[PDB]
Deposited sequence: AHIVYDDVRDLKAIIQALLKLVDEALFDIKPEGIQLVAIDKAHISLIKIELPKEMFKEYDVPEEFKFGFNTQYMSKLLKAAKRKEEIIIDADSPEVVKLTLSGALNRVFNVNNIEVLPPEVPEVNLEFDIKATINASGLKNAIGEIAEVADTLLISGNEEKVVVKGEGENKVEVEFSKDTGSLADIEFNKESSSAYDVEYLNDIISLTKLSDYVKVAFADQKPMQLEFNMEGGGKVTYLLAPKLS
């Protein structure tokens, strides 16, 4: 296997979110691309990653292999990688993966593979809204500072998020707020979620300018981050009743 990706910052943002859900995870490296699924202990939130070969500068993987890793270990390896730089992965045997960070002058890490079994992995929505990622990020952070639950409601024109309780750090996403690019509307809906979980994965918002937010009354919220080249990271969060 030999892979070159043009921007280590995206892997960094993915690892920052994963370490909040799990201590270990598994990249399933196949000839057509890389996949990963991680679910937290309580089976309340999950992250799925799909990185097709088409999104990499170089991707030559004649044989599949599973790369198990400790999320905090990888976060610290990547810690000193602030600028957009290439990351090269070459693995000739199961046991170790060589990661080379380019630019910001050369760092090479030989990472030993560890055993990690993939979650025993098992979607209809009332509203699916494409909204400004930074706007959502701001909203999640502000609500988390003052509430424990984020309420979301949507109709044919907008999605509104606010914290549950007295006054409201309320934020509206719509064309008239210049933050909604598109919306698929089936039925007006309102749901509730633990904002602590959403704040944990806020780094995924660096992956794309827009995020597709999908939900239905008392059903999971789904956030989809579509990346350039066909990449997609999906975050799923179980609902509260209200």
| query | finding |
| --- | --- |
| Unmodelled ranges, which are counted on the deposited sequence from position 1 and given in order | 123 to 125 |
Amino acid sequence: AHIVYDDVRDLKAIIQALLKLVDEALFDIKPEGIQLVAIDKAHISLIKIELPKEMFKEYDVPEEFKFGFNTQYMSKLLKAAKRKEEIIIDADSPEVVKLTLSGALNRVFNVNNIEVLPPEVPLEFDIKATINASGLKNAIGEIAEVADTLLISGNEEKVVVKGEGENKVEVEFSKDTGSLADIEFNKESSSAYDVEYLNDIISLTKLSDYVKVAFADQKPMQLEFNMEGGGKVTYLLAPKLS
From here on, numbers count along this sequence of modelled residues.
query: Comparing 213 to 221 with 179 to 187, the one whose average Cα B-factor in the PDB entry is higher; finding: 179 to 187
query: Between the two ranges 225 to 233 and 18 to 26, the one averaging a larger CA B factor in the entry; finding: 225 to 233
query: From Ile127, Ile152, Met74, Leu117, residue of greatest CA B-factor; finding: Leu117
query: Third of the chain, ranked by Cα B-factor, where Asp200 sits; finding: middle
query: For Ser174, the third of its chain into which the C-alpha B factor falls; finding: highest
query: Cα B factor band for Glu64 (lowest, middle or highest third within the chain); finding: highest
query: Third assignment of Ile131 from its chain's C-alpha B-factors; finding: lowest
